[PDB]
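Student: Structure file coords_16.pdb (PDB, C-alpha atoms) is given on the next line.
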MODEL        1
ATOM      1  CA  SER G 102      14.720  -0.534 -13.278  1.00  0.00           C
ATOM      2  CA  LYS G 103      10.933  -0.115 -13.004  1.00  0.00           C
ATOM      3  CA  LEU G 104      10.879   3.383 -11.488  1.00  0.00           C
ATOM      4  CA  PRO G 105       8.437   5.491 -13.549  1.00  0.00           C
ATOM      5  CA  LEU G 106      10.847   8.138 -14.818  1.00  0.00           C
ATOM      6  CA  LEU G 107       9.481  10.973 -16.947  1.00  0.00           C
ATOM      7  CA  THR G 108      11.531  12.800 -19.568  1.00  0.00           C
ATOM      8  CA  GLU G 109      11.201  16.468 -20.480  1.00  0.00           C
ATOM      9  CA  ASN G 110       9.099  15.955 -23.614  1.00  0.00           C
ATOM     10  CA  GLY G 111       6.817  13.503 -21.800  1.00  0.00           C
ATOM     11  CA  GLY G 112       4.448  11.543 -24.001  1.00  0.00           C
ATOM     12  CA  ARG G 113       2.906   8.095 -23.690  1.00  0.00           C
ATOM     13  CA  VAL G 114       5.294   6.680 -21.094  1.00  0.00           C
ATOM     14  CA  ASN G 115       4.542   4.871 -17.825  1.00  0.00           C
ATOM     15  CA  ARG G 116       0.965   3.701 -18.436  1.00  0.00           C
ATOM     16  CA  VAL G 117      -0.471   1.688 -15.546  1.00  0.00           C
ATOM     17  CA  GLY G 118      -3.490  -0.547 -15.066  1.00  0.00           C
ATOM     18  CA  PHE G 119      -5.694  -1.997 -12.352  1.00  0.00           C
ATOM     19  CA  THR G 120      -7.464  -5.289 -11.642  1.00  0.00           C
ATOM     20  CA  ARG G 121     -10.473  -6.148  -9.477  1.00  0.00           C
ATOM     21  CA  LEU G 122     -11.060  -9.725  -8.339  1.00  0.00           C
ATOM     22  CA  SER G 123     -14.215 -11.064  -6.691  1.00  0.00           C
ATOM     23  CA  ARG G 124     -15.121 -13.284  -3.745  1.00  0.00           C
ATOM     24  CA  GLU G 125     -17.906 -15.788  -3.111  1.00  0.00           C
ATOM     25  CA  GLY G 126     -19.665 -17.654  -0.339  1.00  0.00           C
ATOM     26  CA  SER G 127     -22.679 -19.928  -0.430  1.00  0.00           C
ATOM     27  CA  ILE G 128     -25.332 -20.990   2.066  1.00  0.00           C
ATOM     28  CA  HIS G 129     -25.815 -24.702   2.729  1.00  0.00           C
ATOM     29  CA  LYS G 130     -28.675 -26.571   4.363  1.00  0.00           C
ATOM     30  CA  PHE G 131     -28.244 -29.090   7.183  1.00  0.00           C
ATOM     31  CA  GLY G 132     -30.415 -31.299   9.351  1.00  0.00           C
ATOM     32  CA  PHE G 133     -30.887 -34.559  11.246  1.00  0.00           C
ATOM     33  CA  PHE G 134     -33.712 -36.358  13.018  1.00  0.00           C
ATOM     34  CA  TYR G 135     -34.426 -39.193  15.435  1.00  0.00           C
ATOM     35  CA  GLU G 136     -37.468 -41.422  15.878  1.00  0.00           C
ATOM     36  CA  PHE G 137     -39.257 -42.898  18.881  1.00  0.00           C
ATOM     37  CA  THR G 138     -42.277 -45.146  19.372  1.00  0.00           C
ATOM     38  CA  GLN G 139     -44.913 -44.183  21.940  1.00  0.00           C
ATOM     39  CA  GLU G 140     -44.392 -47.512  23.729  1.00  0.00           C
ATOM     40  CA  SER G 141     -40.784 -46.408  24.230  1.00  0.00           C
ATOM     41  CA  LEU G 142     -41.395 -43.117  26.030  1.00  0.00           C
ATOM     42  CA  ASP G 143     -44.161 -44.921  27.876  1.00  0.00           C
ATOM     43  CA  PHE G 144     -43.426 -48.377  29.312  1.00  0.00           C
ATOM     44  CA  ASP G 145     -39.880 -47.389  30.302  1.00  0.00           C
ATOM     45  CA  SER G 146     -37.941 -46.734  33.494  1.00  0.00           C
ATOM     46  CA  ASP G 147     -36.959 -43.109  32.844  1.00  0.00           C
ATOM     47  CA  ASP G 148     -39.952 -40.783  33.010  1.00  0.00           C
ATOM     48  CA  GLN G 149     -37.665 -37.913  31.942  1.00  0.00           C
ATOM     49  CA  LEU G 150     -36.292 -39.458  28.753  1.00  0.00           C
ATOM     50  CA  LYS G 151     -37.586 -37.302  25.883  1.00  0.00           C
TER      51      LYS G 151
ATOM     52  CA  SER I 102      55.257  23.107  18.877  1.00  0.00           C
ATOM     53  CA  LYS I 103      52.567  25.144  17.095  1.00  0.00           C
ATOM     54  CA  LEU I 104      50.959  27.262  19.859  1.00  0.00           C
ATOM     55  CA  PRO I 105      50.762  30.922  18.795  1.00  0.00           C
ATOM     56  CA  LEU I 106      53.080  33.022  20.940  1.00  0.00           C
ATOM     57  CA  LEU I 107      53.409  36.827  20.809  1.00  0.00           C
ATOM     58  CA  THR I 108      56.298  38.995  22.095  1.00  0.00           C
ATOM     59  CA  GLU I 109      55.513  42.421  23.552  1.00  0.00           C
ATOM     60  CA  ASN I 110      57.644  43.861  20.708  1.00  0.00           C
ATOM     61  CA  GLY I 111      55.085  43.727  17.921  1.00  0.00           C
ATOM     62  CA  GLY I 112      53.658  40.954  15.813  1.00  0.00           C
ATOM     63  CA  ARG I 113      53.233  39.652  12.259  1.00  0.00           C
ATOM     64  CA  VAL I 114      54.247  36.268  13.679  1.00  0.00           C
ATOM     65  CA  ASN I 115      50.988  34.316  13.431  1.00  0.00           C
ATOM     66  CA  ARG I 116      48.952  34.232  10.209  1.00  0.00           C
ATOM     67  CA  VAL I 117      46.277  31.635   9.483  1.00  0.00           C
ATOM     68  CA  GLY I 118      44.274  30.484   6.492  1.00  0.00           C
ATOM     69  CA  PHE I 119      40.757  29.261   5.822  1.00  0.00           C
ATOM     70  CA  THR I 120      39.106  26.944   3.308  1.00  0.00           C
ATOM     71  CA  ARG I 121      35.497  26.340   2.256  1.00  0.00           C
ATOM     72  CA  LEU I 122      33.939  23.407   0.401  1.00  0.00           C
ATOM     73  CA  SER I 123      30.761  22.903  -1.635  1.00  0.00           C
ATOM     74  CA  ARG I 124      27.971  20.314  -1.607  1.00  0.00           C
ATOM     75  CA  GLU I 125      25.522  19.701  -4.440  1.00  0.00           C
ATOM     76  CA  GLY I 126      22.258  17.932  -5.192  1.00  0.00           C
ATOM     77  CA  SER I 127      20.069  17.359  -8.244  1.00  0.00           C
ATOM     78  CA  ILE I 128      16.384  17.031  -9.078  1.00  0.00           C
ATOM     79  CA  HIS I 129      14.497  14.459 -11.156  1.00  0.00           C
ATOM     80  CA  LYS I 130      11.090  14.040 -12.790  1.00  0.00           C
ATOM     81  CA  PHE I 131       8.551  11.241 -12.315  1.00  0.00           C
ATOM     82  CA  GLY I 132       5.076  10.436 -13.568  1.00  0.00           C
ATOM     83  CA  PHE I 133       2.590   7.836 -14.762  1.00  0.00           C
ATOM     84  CA  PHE I 134      -0.996   7.637 -15.972  1.00  0.00           C
ATOM     85  CA  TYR I 135      -3.849   5.363 -17.029  1.00  0.00           C
ATOM     86  CA  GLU I 136      -6.480   5.407 -19.772  1.00  0.00           C
ATOM     87  CA  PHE I 137     -10.232   4.793 -19.495  1.00  0.00           C
ATOM     88  CA  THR I 138     -13.414   4.998 -21.644  1.00  0.00           C
ATOM     89  CA  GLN I 139     -16.731   6.674 -20.690  1.00  0.00           C
ATOM     90  CA  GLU I 140     -18.656   3.351 -20.946  1.00  0.00           C
ATOM     91  CA  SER I 141     -16.214   1.730 -18.472  1.00  0.00           C
ATOM     92  CA  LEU I 142     -17.532   4.321 -15.966  1.00  0.00           C
ATOM     93  CA  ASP I 143     -21.251   4.514 -16.787  1.00  0.00           C
ATOM     94  CA  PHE I 144     -21.840   0.818 -17.530  1.00  0.00           C
ATOM     95  CA  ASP I 145     -19.547  -0.937 -15.051  1.00  0.00           C
ATOM     96  CA  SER I 146     -21.127  -2.715 -12.091  1.00  0.00           C
ATOM     97  CA  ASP I 147     -19.492  -0.451  -9.505  1.00  0.00           C
ATOM     98  CA  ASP I 148     -20.625   3.174  -9.344  1.00  0.00           C
ATOM     99  CA  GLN I 149     -17.498   4.557  -7.622  1.00  0.00           C
ATOM    100  CA  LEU I 150     -14.955   3.186 -10.108  1.00  0.00           C
ATOM    101  CA  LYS I 151     -13.356   6.571 -10.788  1.00  0.00           C
TER     102      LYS I 151
ENDMDL
END
Show the structure stored in the file as structure tokens.
Tutor:
Amino acid sequence: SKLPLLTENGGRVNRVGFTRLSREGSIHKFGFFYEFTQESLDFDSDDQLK
Amino acid sequence: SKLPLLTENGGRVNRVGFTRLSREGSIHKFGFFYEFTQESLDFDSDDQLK
């Protein structure tokens, strides 16, 4: 039914078109932090804590 | 009951016939096209649109 047949005299028959979509992707910013008092690294059992 | 048999005394006792058939095929025409406008080619974001 949709085969693009062409007759002998031709003319404006079987005109086609095209489309062009687009993509996207964004960059996001992350981060986290901890805190520690000097008298916690010092004055503690584990020398290798930090 | 149909094997051809020939006596030594001459022939004209076995005549055969032949037949031939015909096969056919046909051609067809196809086509399609698209329009476009200069601007669409020299103002569009992509350079290689054509």
Student: Contacts from chain G to chain I, 12 Å maximum, only C-alpha atoms: show me the residue list as a count of residues only.
Tutor: 19
Student: After a least-squares superposition on chain I using every in-order C-alpha pair, I'd like chain G written out as a short mmCIF file (atom, residue, chain, number, x, y, z; two decimals) with C-alpha atoms, in the coordinates of the input.
Tutor:
data_model
loop_
_atom_site.label_atom_id
_atom_site.label_comp_id
_atom_site.auth_asym_id
_atom_site.auth_seq_id
_atom_site.Cartn_x
_atom_site.Cartn_y
_atom_site.Cartn_z
CA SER G 102 52.54 22.84 20.44
CA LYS G 103 50.20 24.84 18.17
CA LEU G 104 49.35 27.64 20.61
CA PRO G 105 49.87 30.96 18.77
CA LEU G 106 52.59 32.44 20.98
CA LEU G 107 53.87 35.93 20.19
CA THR G 108 57.38 37.11 21.01
CA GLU G 109 58.36 40.64 22.00
CA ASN G 110 59.65 41.71 18.58
CA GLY G 111 56.59 40.24 16.85
CA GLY G 112 56.80 39.99 13.09
CA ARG G 113 55.27 37.59 10.58
CA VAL G 114 54.35 34.81 13.00
CA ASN G 115 51.06 32.95 13.43
CA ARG G 116 49.38 33.63 10.08
CA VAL G 117 45.97 31.96 9.74
CA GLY G 118 43.60 31.26 6.87
CA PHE G 119 39.97 30.46 6.17
CA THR G 120 38.00 28.23 3.80
CA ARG G 121 34.42 28.41 2.51
CA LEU G 122 32.75 25.33 1.06
CA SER G 123 29.45 25.25 -0.84
CA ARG G 124 26.28 23.16 -0.88
CA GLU G 125 23.89 22.08 -3.62
CA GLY G 126 20.41 20.71 -4.18
CA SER G 127 18.50 20.08 -7.38
CA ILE G 128 14.83 19.86 -8.33
CA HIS G 129 13.59 16.70 -10.04
CA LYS G 130 10.41 16.03 -11.99
CA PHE G 131 8.07 13.11 -11.31
CA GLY G 132 4.81 11.73 -12.65
CA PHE G 133 2.62 8.73 -13.46
CA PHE G 134 -0.64 8.08 -15.27
CA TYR G 135 -3.34 5.46 -15.76
CA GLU G 136 -5.69 4.78 -18.66
CA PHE G 137 -9.33 3.72 -18.93
CA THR G 138 -11.71 3.01 -21.80
CA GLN G 139 -15.19 4.54 -21.75
CA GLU G 140 -16.73 1.06 -21.96
CA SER G 141 -14.96 0.33 -18.68
CA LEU G 142 -16.38 3.15 -16.57
CA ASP G 143 -19.67 2.45 -18.30
CA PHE G 144 -20.82 -1.17 -18.62
CA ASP G 145 -19.49 -2.07 -15.17
CA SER G 146 -20.90 -2.95 -11.76
CA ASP G 147 -19.39 -0.09 -9.74
CA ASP G 148 -20.97 3.25 -10.63
CA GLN G 149 -18.46 4.94 -8.30
CA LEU G 150 -15.26 3.57 -9.83
CA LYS G 151 -13.42 6.57 -11.30
#
Student: Can you spell out as a list in words the set of residues that the PyMOL selection byres ((chain I and resi 150) around 12) selects in the structure I just provided?
Tutor: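 On this input, the PyMOL selection byres ((chain I and resi 150) around 12) captures residues 119, 120 and 121 of chain G; 137, 138, 139, 140, 141, 142, 143, 144, 145, 146, 147, 148, 149 and 151 of chain I.
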